[PDB]
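This is what each chain is made of:
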Amino acid sequence: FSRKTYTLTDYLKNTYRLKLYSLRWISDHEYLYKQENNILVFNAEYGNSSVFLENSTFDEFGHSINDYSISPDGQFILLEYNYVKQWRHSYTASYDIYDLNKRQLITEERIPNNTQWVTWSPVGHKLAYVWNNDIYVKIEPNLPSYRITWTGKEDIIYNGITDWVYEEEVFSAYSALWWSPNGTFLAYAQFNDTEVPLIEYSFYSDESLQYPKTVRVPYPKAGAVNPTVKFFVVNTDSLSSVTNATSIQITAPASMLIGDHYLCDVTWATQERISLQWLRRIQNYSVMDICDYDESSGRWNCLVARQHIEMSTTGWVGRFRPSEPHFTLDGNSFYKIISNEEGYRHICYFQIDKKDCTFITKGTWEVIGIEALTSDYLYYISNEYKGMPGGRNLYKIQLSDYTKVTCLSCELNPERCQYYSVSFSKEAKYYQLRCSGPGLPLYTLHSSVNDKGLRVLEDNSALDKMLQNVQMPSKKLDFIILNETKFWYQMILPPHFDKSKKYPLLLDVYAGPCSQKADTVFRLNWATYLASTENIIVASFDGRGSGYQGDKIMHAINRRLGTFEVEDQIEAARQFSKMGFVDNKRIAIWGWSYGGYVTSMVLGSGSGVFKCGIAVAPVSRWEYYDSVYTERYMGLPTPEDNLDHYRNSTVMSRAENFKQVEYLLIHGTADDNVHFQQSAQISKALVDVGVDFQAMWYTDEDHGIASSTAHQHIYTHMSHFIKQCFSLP
Amino acid sequence: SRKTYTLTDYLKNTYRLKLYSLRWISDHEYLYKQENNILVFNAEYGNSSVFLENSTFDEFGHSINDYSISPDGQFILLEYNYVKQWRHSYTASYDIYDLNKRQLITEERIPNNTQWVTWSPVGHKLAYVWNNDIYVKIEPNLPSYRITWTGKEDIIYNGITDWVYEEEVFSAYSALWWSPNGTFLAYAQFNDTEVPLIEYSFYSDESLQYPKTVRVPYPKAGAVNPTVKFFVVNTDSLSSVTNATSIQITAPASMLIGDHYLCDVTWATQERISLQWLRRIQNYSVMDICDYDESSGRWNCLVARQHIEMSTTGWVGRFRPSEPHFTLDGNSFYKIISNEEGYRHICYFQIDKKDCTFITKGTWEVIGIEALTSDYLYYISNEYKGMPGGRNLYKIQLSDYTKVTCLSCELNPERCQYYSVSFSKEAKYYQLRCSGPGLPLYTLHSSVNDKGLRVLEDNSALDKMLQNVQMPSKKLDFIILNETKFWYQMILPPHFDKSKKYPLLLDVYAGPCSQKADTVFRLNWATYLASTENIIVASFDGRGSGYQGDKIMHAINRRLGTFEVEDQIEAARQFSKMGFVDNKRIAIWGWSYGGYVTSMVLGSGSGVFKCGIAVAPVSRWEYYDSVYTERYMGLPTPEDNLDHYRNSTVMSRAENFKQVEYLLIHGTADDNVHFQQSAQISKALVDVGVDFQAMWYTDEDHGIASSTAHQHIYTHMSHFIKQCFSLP
Ligand SMILES: *[C@@H]1O[C@H](CO)[C@@H](O[C@@H]2O[C@H](CO)[C@@H](O[C@@H]3O[C@H](CO[C@H]4O[C@H](CO)[C@@H](O)[C@H](O)[C@@H]4O)[C@@H](O)[C@H](O[C@H]4O[C@H](CO)[C@@H](O)[C@H](O)[C@@H]4O[C@H]4O[C@H](CO)[C@@H](O)[C@H](O)[C@@H]4O)[C@@H]3O)[C@H](O)[C@H]2NC(C)=O)[C@H](O)[C@H]1NC(C)=O
Ligand SMILES: *[C@@H]1O[C@H](CO)[C@@H](O[C@@H]2O[C@H](CO)[C@@H](O[C@@H]3O[C@H](CO)[C@@H](O)[C@H](O)[C@@H]3O)[C@H](O)[C@H]2NC(C)=O)[C@H](O)[C@H]1NC(C)=O
Ligand SMILES: *[C@@H]1O[C@H](CO)[C@@H](O)[C@H](O)[C@H]1NC(C)=O
Ligand SMILES: *[C@@H]1O[C@H](CO)[C@@H](O)[C@H](O)[C@H]1NC(C)=O
Ligand SMILES: *[C@@H]1O[C@H](CO)[C@@H](O)[C@H](O)[C@H]1NC(C)=O
Ligand SMILES: *[C@@H]1O[C@H](CO)[C@@H](O)[C@H](O)[C@H]1NC(C)=O
Ligand SMILES: *[C@@H]1O[C@H](CO)[C@@H](O)[C@H](O)[C@H]1NC(C)=O
Ligand SMILES: *[C@@H]1O[C@H](CO)[C@@H](O)[C@H](O)[C@H]1NC(C)=O
Ligand SMILES: *[C@@H]1O[C@H](CO)[C@@H](O)[C@H](O)[C@H]1NC(C)=O
Ligand SMILES: *[C@@H]1O[C@H](CO)[C@@H](O)[C@H](O)[C@H]1NC(C)=O
Ligand SMILES: *[C@@H]1O[C@H](CO)[C@@H](O)[C@H](O)[C@H]1NC(C)=O
Ligand SMILES: *[C@@H]1O[C@H](CO)[C@@H](O)[C@H](O)[C@H]1NC(C)=O
Ligand SMILES: *[C@@H]1O[C@H](CO)[C@@H](O)[C@H](O)[C@H]1NC(C)=O
């Protein structure tokens, strides 16, 4: 007692750093690692390394290097510079190519300035880039590029890149280019936003700008005209300087052309077979096409008999979208995470020209991901171990006997490590395990043959020593029983926690569909500061709508957002208050985006449980949020469908009940995702009913509020608000 | 132990000031609206007749927003479907009711979404503007004649002003001027083709899925300004077959050299218009005098008749060149001009003679010329007891300029030191309007012997109510800064005690030619703060303030955010040195220019002010409109005054806000001081790591004047000031 604590300045200035081990596999036995601006090549088997690229090589380059991409064949390296961020994944940059053999920059036929995407072929040294929404291909870095599409037009026709909604909610990527495994075929999507309405907002820029700029983004809100999609494939081997490149269109199924549809997944099975998944605008019916190259005709035929249909009666298909297929090397079969009869997600074995699939996994738990596939074994992550949904462990199923299941991670360090992710080598000969809690992160390399522990890569020993000197908070992960169902919660407990003493409680909420805020992960965040320094219990709760516990829980919120997930956060806090170590006169709630929505809906409930709370960039009314995400859970806002609950599930309609609570409303003006609009309507509804509240806008900040200064400012302002709400010095 | 003047009393408007709004329709009669009845009153004897009974428009179907009766009392305009645009501009539907026939005009009705309507000054001719084009109706029932065809939304404005002309030049949407007999209709044409657009989000009702973007032609400081043309049309010679001929009056040669404004339009006679023009650099103004040639049908503006008004110390006029007051023949006029000593006084101009003769002199200013007869010119000034914040009606004998008589001074010198006036058509009777320091008092008088005829409204009903309330007193006095008198007021709490120490809120505006220390009686937020919370609300008139000579007003020329900021600090500093104020609890607040000066004071690092509130503040002068900014600052070029434009920003003083508690408030739909200005303040404070309170108001303009928003802002500002001064 009476020693150092984890301060707000420690969180903001990043005094206590987590070390990472970010490696990129270049073959079955070698990986690359960036260390003090030197790129090293490492041998997985023996552990030896050499300087692949010297940090001194690009000293007289004349530009600040943002990122590196080396060609699969290790002959060339892309230098990314002049990085200008757009949305979450999208950005623009200039690119130069450096010949490693010749040790010199390619000066002729250069990649243009303001390039939108670049990618190597997965083998060799071929480049496909996007510039002014049009796709270009280079066979050699030094030779001229071949233009593939001519239809590209800013904010209208997107060739090889996503529009706003496809980027954020479908592909989680700017890229809509897919090379074939050998690099013969370049598959691309085309998005058409002609009839899609624009979100318009002011961007104020530097002081020097006299007239504010208006930003105009094609953004389909709930029920609005969506973008249309086409899918094309091009033969890269037969490109001539004389003739234009011939792009063969793959049409979507007849069952999708009936109405509005999305292209939600693209996976190459072999060199001559593409898997395309399509999803109806009502996201309860999805169709997987298997499309084969006709070697004579030069076409792509997608037999109707080969189609695999995935549908839901209880809600929507998949966690966020239809799950990724993992093909056997021959491409005549694949593995896919599917919801079983009991509503739990498990691996299903599909054979191409045979009906149904065979479930290879079962039980009251879920497979999170399929990570690798050999002839002998399929490697997957799940939350099976100790029946803890918030835990993650790497498992291995013998394909010759599905009963032979081996945990590879569970017992490596069972007190320190209960949350693993994995990175396999090109043919899964070695894997990197990445532990992220409940102890400090631990990065370890393994051999697939015997599942032997080779090496430790990073153990965070330097950090461990420093945090021994600091009064750090403990993390309790447990459950409470509501209507005979286990629901999991966590509490960031202050140092030297005392069950006799009564503590003020902040409820940290997200609570979106398929979310998890009660897990075994180690975080140095704002909650650490609040517990360490200010002696606040920061609790999170996974109620109805939360993921990784079966559809019974996750689909409970179907067509009914801002109901059970709101009710359950109130009931969680109420049950925490009835525990002996919580001061029921000092219970707060805060969250971001969906967290902001649920925070606002709880404060507007009239429960009496919550004294104060903070909504950062909240959703206020579901008609204001994008089509793909909102319609997944709510359907369309028509009288025929679910308009009644769209209108019944707003923050604005609960304005009267904010008289009983102290509310802080925060939002960035340049939020391209949850538009400032949503907070603008909350504030106006509170003004209209005569409710006092604190507010704070952030000029030109997006959904992150992630600029160094803005990040420091919001957490400082939010700290002051929570401190004064709980009567703390 | 009586009740106090609460915040609820201010916001729900418990204690109402009664008015007496009259419109003179002749030399001896005025119109007065009472319980939705319009009455005609006889000025001499005081008897009345019901002109329009309130029951007449019960089955009309729409809510009537305003009434306008024709000069000849034969028709009445019914204004309904009122949709407000900017401060003066709005759109409405109009019906005309025939008083003779006792029936609504059913045929050839005024269009829906009409932008302006006005009667001829005599008879029953109507001129209206619709889709930015002027129309004329000779009879209400007959079809209208189209005058202009060039009108186009946001581009060509015929007969109506654009944004900047409305707000900063004419203080009116109307750019339409009839001749004294209804013969000629003069109009201005504004061209906003190359004027850049301010763009801001309007979120509207909850139901609207996609926010609207509002696009307004708005010239910021240094930007491309609107161009102006001036036309005159003969309404007597309008044909149903042939198009109407508009004769252009060209601006003087000294204005066409560069960028200019049309700043005043005044008919002298039936055959004469006076136009005033102002250069974009507002140190040079030209009055033109234009006569109708009956033979050619042209308007000729002889070069020798031109009158030039210029300033070396600053800008022309208080805000613009002053209006001329013509003698009945129109061969002479009177005009308030700055004299050799820098004080504003009446100057006698004869049309074909150079220069003018000064009729008034002294260390005080003429505010306005109110009426003109063959015998007397009636004017308001601040002469009485050498009080700049006092206003009184005077009368000067035109046959002997030494014979000056105060008509208002001695009517009730304890109750009334602030008068405005409304004369009848030929100045036979006048309504005096007292505004303070006591309750407002409305009295009618006869010009002949200056006899007090009648009391119209004395606010006796209010007097009774305020006896039950612990009301705050007002002290108006001065302090000595560099051997100069500068005036201040203080709203002192009830049962004020000079032995006890009180917290002080400094209420600031301090814009060029402003006055916040006066003798006017106000029931406002300051009344609540003094009555209930026992706070001294002080205001101070420093360098830049008006009605005290150019030496003071022009001290801030090309130097905004300097001396007016310094002097508010020094005023507060001197108030702290008084024994009855707590120097550890001094706050500052203001709106627009007040918000700018509040921000600049808090960013000074003086240590005088603990906290303050900037509502809809200007942050950088490059963000505010051309006409206002360039009047005081010149152009933002390296050639001119860009150095001080860049040195006079709130953003550059961000570091010093670490030492103070700052509340920054702004409406998102502010068309005047754009939300931009607060958006750049906030970003600069975040960028240098300064904590501050903030509050935006969705879809509120510069007023923040909607019932709910008004209640909310003053509640939020109350909570902030209370917690800053540690008040129960
Ligand atoms: C991205 O997505 C948008 C739509 O969301 C799409 O733009 C649309 O393109 C179609 C097809 O080109 C347009 O419909 C055509 O319009 C023309 C006339 O164009 C003018 O008028 C329309 C409104 O009426 C405007 O929108 C447009 O801007 C122009 O001002 C019609 O003449 C076309 O009719 C033909 O097709 C019919 C059906 O086959 C025939 O029956 C008819 O006789 C016409 O025949 C012509 O085409 C035949 C093709 O087989 C040919 O055989 C004939 O000989 C003859 O040439 C047609 O209705 C639609 O208006 C556009 N909408 C919008 C909002 O822009 C983009 O093209 C798409 N972009 C990409 C790259 O995929
Ligand atoms: C409102 O103001 C704008 C200018 O701000 C006027 O538009 C301008 O009109 C002139 C007319 O002389 C155009 O110049 C001419 O252009 C043609 C070619 O189009 C050329 O052949 C002629 O010799 C002459 O130079 C000018 O281009 C045009 N500018 C713009 C920006 O449109 C407009 O006429 C004004 N409208 C009214 C009703 O007063
Ligand atoms: C570059 O590499 C050298 C040798 O490994 C090392 O000493 C130096 O710190 C590096 N330079 C940096 C980090 O700028
Ligand atoms: C590792 O050692 C072997 C044998 O000396 C060598 O050939 C190989 O290049 C080394 N690998 C790396 C990555 O340096
Ligand atoms: C990118 O911009 C710079 C600066 O204008 C220019 O020197 C360079 O040539 C441009 N890049 C290409 C590929 O043309
Ligand atoms: C390729 O197609 C485009 C039309 O989209 C055309 O401009 C171009 O001439 C074509 N190229 C050749 C070589 O024919
Ligand atoms: C709407 O919300 C109210 C209040 O939460 C609830 O009583 C009602 O059941 C909801 N459902 C419908 C269909 O209106
Ligand atoms: C109409 O006028 C009479 C006085 O003539 C007044 O007493 C009455 O209240 C008025 N009614 C309305 C509805 O304004
Ligand atoms: C006032 O009284 C006189 C005499 O009866 C009358 O002629 C006049 O019309 C009255 N005026 C009004 C406005 O009622
Ligand atoms: C104005 O609109 C109303 C309907 O709102 C219509 O009855 C009327 O005819 C319109 N007036 C004119 C003069 O066009
Ligand atoms: C009046 O001028 C307009 C064009 O400005 C035209 O439409 C109309 O025909 C003209 N009428 C006559 C009689 O010249
Ligand atoms: C009004 O004055 C003008 C001056 O030109 C004249 O033409 C017209 O006849 C006069 N009208 C009346 C009604 O006296
Ligand atoms: C700028 O403003 C500062 C205010 O502290 C003043 O000291 C200085 O004299 C001014 N000079 C210029 C060029 O702004």
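Residues numbered from 1 in each chain as written, not as in the entry; some residues may be left out. Chains lettered and ligands numbered in written order. Heavy atoms only, no water.

- Looking at the method and resolution fields of the entry, one finds X-ray crystallography and 2.38 Å.

## A closer look at the site of ligand 6
Residue and element names in this part refer to chain A.
Here comes step 1: By nearness alone, every residue bordering ligand 6 is listed as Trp 150, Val 242 and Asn 244.
Here comes step 2: At 2.4 Å, a side-chain N or O of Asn 244 approaches an oxygen atom of ligand 6.
Here comes step 3: When isolated, ligand 6 has an accessible area of 370 Å², and the protein chains bury 36% of it. (Near = heavy atom within 4 Å. Polar contact = N/O pair within 3.5 Å; in protein donor to acceptor, adjacent residues only side chain to side chain. Areas by Shrake-Rupley, 256 points an atom, 1.4 Å probe, with all protein chains shown as cover.)

## As for the UniProt feature "disulfide bond" in chain B
Residues and elements named next belong to chain B.
Here comes step 1: Of the disulfides listed in UniProt, the one linking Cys 290 with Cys 301 is reproduced by the coordinates, which place the two sulfurs 2.0 Å apart. One end of the pair, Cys 290, is in strand β23 (residues 284-292); the other, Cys 301, is in the loop between β24 (299-300) and β25 (307-310), and 11 residues separate them in sequence. Both residues of the pair, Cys 290 and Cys 301, count as buried.
Here comes step 2: A sulfur gap of 2.0 Å between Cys 406 and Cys 409 means the disulfide that UniProt records is present in these coordinates. (Disulfide = S-S within 2.5 Å. UniProt positions renumbered as here; feature names shortened; annotations may be inferred. Helix = DSSP H or I, 4+ residues; strand = E, 2+ residues; numbered from the N terminus. Buried < 20%, exposed > 50% of the residue type's maximum accessible area, 1.4 Å probe, protein only.)

## Things to note about the interface of chain B and chain A
Many structure descriptions define interface size as the accessible area lost when the parts assemble.
Here comes step 1: On the chain A side, the residues contacting the 52 residues of chain B number 52 residues.
Here comes step 2: Both sides together, the interface formed by chain B and chain A hides about 4,500 Å², and carbon and sulfur atoms give 55% of it.
Here comes step 3: Contact with chain A buries surface across chain B, with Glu206(B), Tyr210(B) and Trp696(B) losing the most and accounting together for 19% of the total.
Here comes step 4: On the surface where chain B and chain A come into contact, there are three salt bridges.
Here comes step 5: Salt-bridge contacts for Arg621(A) lead to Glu206(B); the nearest nitrogen and oxygen are separated by 3.4 Å.
Here comes step 6: In this assembly, chain B and chain A are joined by 35 residue pairs in polar contact.
Here comes step 7: For the side of chain B that touches chain A, the secondary structure elements donating two or more residues are β17 (197-202), β18 (212-217), α11 (676-687), β46 (693-697) and α12 (707-724) of chain B. (Contact = heavy atoms within 4.5 Å. Buried area = accessible area lost by both parts, 1.4 Å probe. Salt bridge = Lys/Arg side-chain N within 4 Å of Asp/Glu carboxyl O.)

## Quick notes on the domain arrangement of chain A
Residues and elements named next belong to chain A.
Here comes step 1: Taken domain by domain, chain A holds domain 1 (19-192) and domain 2 (470-725).
Here comes step 2: Taken over C-alpha atoms, the centre of domain 1 sits 39 Å from the centre of domain 2.
Here comes step 3: Counting from both sides, the interface comprises eight residues of domain 1 and, opposite them, nine residues of domain 2.
Here comes step 4: Buried area between domain 1 and domain 2, both sides added, is near 630 Å², and the carbon and sulfur share of it is 53%.
Here comes step 5: Along the contact surface separating domain 1 from domain 2 lie one salt bridge.
Here comes step 6: Residues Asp 702 and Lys 85 are paired through a salt bridge, measuring 3.1 Å at the closest nitrogen-oxygen approach.
Here comes step 7: In this assembly, domain 1 and domain 2 are joined by three residue pairs in polar contact. (Domains from an automatic or database assignment.)

## Looking at the state of the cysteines
Here comes step 1: Overall, the coordinates contain 10 disulfides over all chains when judged by the stated rule.
Here comes step 2: Disulfide pairing is shown between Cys291(A) and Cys302(A); the S-S distance is 2.0 Å. Taking the torsion about the S-S bond as the criterion, the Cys291(A) to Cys302(A) disulfide, at about 115°, is right-handed. In this pair, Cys291(A) is assigned in strand β22 (residues 285-293) and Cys302(A) in the loop between β23 (300-301) and β24 (308-311), connecting sequence segments 11 residues apart.
Here comes step 3: Here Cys406(B) is linked by a disulfide to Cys409(B), with a sulfur-sulfur distance of 2.0 Å. In this structure the cystine formed by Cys406(B) and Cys409(B) twists about its S-S bond by roughly 85°; its chirality is therefore right-handed.
Here comes step 4: Look at chain B and number its bonded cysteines as they come in the sequence; the links are 1-2, 3-4, 5-6, 7-8, 9-10.
Here comes step 5: For chain A, the bonded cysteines pair up as 1-2, 3-4, 5-6, 7-8, 9-10 when numbered in the order they occur along the sequence.
Here comes step 6: Among the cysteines around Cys514(A), which has no disulfide bond, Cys264(A) carries the closest sulfur, lying 16 Å off.

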